[PDB]
Amino acid sequence: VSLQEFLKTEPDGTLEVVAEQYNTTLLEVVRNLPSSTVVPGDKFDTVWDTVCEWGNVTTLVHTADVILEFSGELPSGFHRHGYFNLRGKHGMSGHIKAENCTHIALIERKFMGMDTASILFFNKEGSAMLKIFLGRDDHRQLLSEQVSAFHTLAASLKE
Amino acid sequence: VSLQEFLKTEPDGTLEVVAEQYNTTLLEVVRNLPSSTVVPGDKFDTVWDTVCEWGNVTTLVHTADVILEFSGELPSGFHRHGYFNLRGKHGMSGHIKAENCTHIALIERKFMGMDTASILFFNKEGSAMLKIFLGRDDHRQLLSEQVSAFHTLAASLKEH
């Protein structure tokens, strides 16, 4: 089966190993998803500044040996000398080489039966440099008000 | 000219640049610092559980394109199926492949004239998988109560 008709079931797990199995990038897998919106990285400020208004979200960084995730409001930031510098908001700060972000995707899919809505920031190799996931309530369901705002952003970008 | 001689006089920037400039690993640079304590990765639980008592610290992860840092209390965690899983309370959670941590270092040095005190967790290639830095006050000075606790941990790591 080719990649696009394969991603039309719903993979039993993460999108990263689908990319392996087809000798391709995470970005190429995301493009072939049933429900994804992919835009160039010059939409970074529009996407970032929009999510900053959504309330508590989860920001995630993945390395070979660590996953750190931060639940809370997305900090605002400013550009200086190639860096996007986060302003310290109740805990999380740091910097992003935002000009190395060449693509951004908004994704909706099931992950092990769980509705998910995420924003993926891609580097020039087609791999993820950062992920943001929508927040959840006490019964582990998405916050519908955030889902609505996410849908508004996807429509404004593309769809 | 040699690495240890070069480090006896405080480099003007980060320690990775020194390893870059010397074509070696960050761990080898850290070993040759004037003020460092290096222990094996089996001290992970002792180090982690100790820092969890220190108050607000800064935990940092560094990738090619992102640095994220979290200021606050270090979350406790539990081991399961090879992961150390954080019980994220006030924001930061996640998981660490702690059995891939082969060395831990406690470091004190000046960074651009600033006293700093850090804990570096190393992978088997001798590079950093995670960093924890001591907290600061509004004048950007270290919290001396944390520095004292850091010194207590370094002394205890030198028992074995």
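Participant: What is the right way to read the overall build of chain A from this model?
Facilitator: Of regular secondary structure, chain A possesses five helices and nine strands. Along chain A, from the amino end to the carboxyl end, the secondary structure elements read α-α-α-β-α-β-β-β-β-β-β-β-β-α. Its C-alpha atoms give chain A a radius of gyration of 15 Å, near enough to 15 Å, the size a compact globule of 159 residues would have. Structurally, chain A occupies a C-alpha span of about 45 × 40 × 35 Å along its principal axes. For chain A, the residues scored as buried account for 48% of the 159 residues in total.

Participant: Before we go on, may I ask you to explain the environment of B:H151 in this structure?
Facilitator: Residue and element names in this part refer to chain B. By secondary structure assignment, the location of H151 is in helix α5 (residues 144-157). By relative accessible area, which is 36% here, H151 ends up partly exposed. Along the backbone, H151 and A117 are 34 residues apart, and their C-alpha atoms lie at a distance of 9.6 Å.

Participant: Please explain a negative patch on the surface as it appears in this structure.
Facilitator: Residues and elements named next belong to chain A. Negative charge collects at one region of the surface, where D45, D49, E53 and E99 lie side by side. With respect to the helices and strands, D45 occurs in helix α4 (residues 44-51). Classification of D45 as partly exposed rests on a relative accessible area of 34%.

Participant: In this structure, what is going on with the environment of A:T25? I would like to understand it.
Facilitator: Residue and element names in this part refer to chain A. Summarising the element assignment, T25 is placed in the loop between α2 (15-21) and α3 (26-31). Taking C-alpha positions, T25 is 6.4 Å from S127, a pair spaced 102 residues apart along the chain. If sequence neighbours within four positions are ignored, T25 has contacts with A19, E125 and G126. Of the polar contacts made by the side chain of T25, one reaches the backbone nitrogen of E28; its length is 3.1 Å.

Participant: Help me out: how do you make sense of the pairing of strand β9 (residues 128-133) of chain B in this one?
Facilitator: Residue and element names in this part refer to chain B. Sheet topology note: the strand β2 (residues 56-62)/β9 ladder contains three bridges and is antiparallel. When the bridges of β9 are listed, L60 appears paired with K131. Taking the residues that link successive antiparallel strands as the turn, the strand β8 (residues 114-122)-β9 hairpin has five residues, and the phi of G126 there is positive, at about 80°.

Participant: Just to check I follow, could you spell out the pattern of salt bridges for this structure?
Facilitator: Opposite charge on two side chains permits pairing when their charged atoms draw close. Per the stated rule, a full pass over the model turns up ten salt bridges over all chains. Where A:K131 meets A:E16, a salt bridge forms, and the shortest distance between an N and an O atom there is 2.7 Å. Of this pair, A:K131 sits in strand β9 (residues 128-134) while A:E16 sits in helix α2, and the two are 115 residues apart along the sequence. Overall, the relative accessible area of 28% leaves A:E16 in the partly exposed class. Between B:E10 and B:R109 there is a salt bridge, and its shortest N-O distance comes to 3.0 Å. On the criterion of sequence distance, the pair formed by B:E10 in the loop between α1 (3-7) and α2 (15-22) and B:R109 in strand β7 (residues 103-111) is long-range, its members being 99 residues apart. Among the residues examined, B:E10 registers a relative accessible area of 32% and is labelled partly exposed.

Participant: Where do I start with the sheet that holds strand β5 (residues 83-86) of chain A in this structure?
Facilitator: In spatial order, the strands read β4(A)-β5(A)-β6(A)-β3(B)-β2(B)-β9(B)-β8(B)-β7(B)-β1(B); together these nine strands make up an open sheet with antiparallel pairing. Both edges of this open sheet fall to β4 (77-80) of chain A together with β1 (36-40) of chain B, since each of them pairs with a single strand only. Direction aside, neighbouring strands of the sheet carry axes that sit 20° apart on average. Of the pairings in the sheet, the one linking β4(A) to β5(A) comprises four bridges and is antiparallel in character. In the sheet register, A:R80 faces β5(A), and the bridge partner there is A:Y83. This element, α4(A), spans β4, β5 and β6 (92-96) of chain A of the sheet and lies at about 10° to β5(A).

Parameters and conventions
- Residues numbered from 1 in each chain as written, not as in the entry; some residues may be left out.
- Chains lettered and ligands numbered in written order.
- Heavy atoms only, no water.
- Residues with missing side-chain atoms left out of burial classes, pairs and counts.
- Helix = DSSP H or I, 4+ residues; strand = E, 2+ residues; numbered from the N terminus.
- Rg over C-alpha atoms; globule rule 2.2 N^0.38 Å.
- Buried < 20%, exposed > 50% of the residue type's maximum accessible area, 1.4 Å probe, protein only.
- Patch = residues over 30% accessible without salt bridge, like charges linked within 9 Å, V, L, I, M, F, W, Y side chains within 5 Å.
- Areas by Shrake-Rupley, 256 points an atom, 1.4 Å probe, with all protein chains shown as cover.
- Salt bridge = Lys/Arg side-chain N within 4 Å of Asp/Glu carboxyl O.
- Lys, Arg positive; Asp, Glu negative; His and termini not counted.
- Charge placed at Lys NZ, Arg CZ, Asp CG, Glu CD.
- Contact = heavy atoms within 4.5 Å.
- Polar contact = N/O pair within 3.5 Å; in protein donor to acceptor, adjacent residues only side chain to side chain.
- Pairing = 2+ DSSP bridges.
- Axes fitted to C-alpha atoms, helices over the stretch in contact; angles between N-to-C directions.

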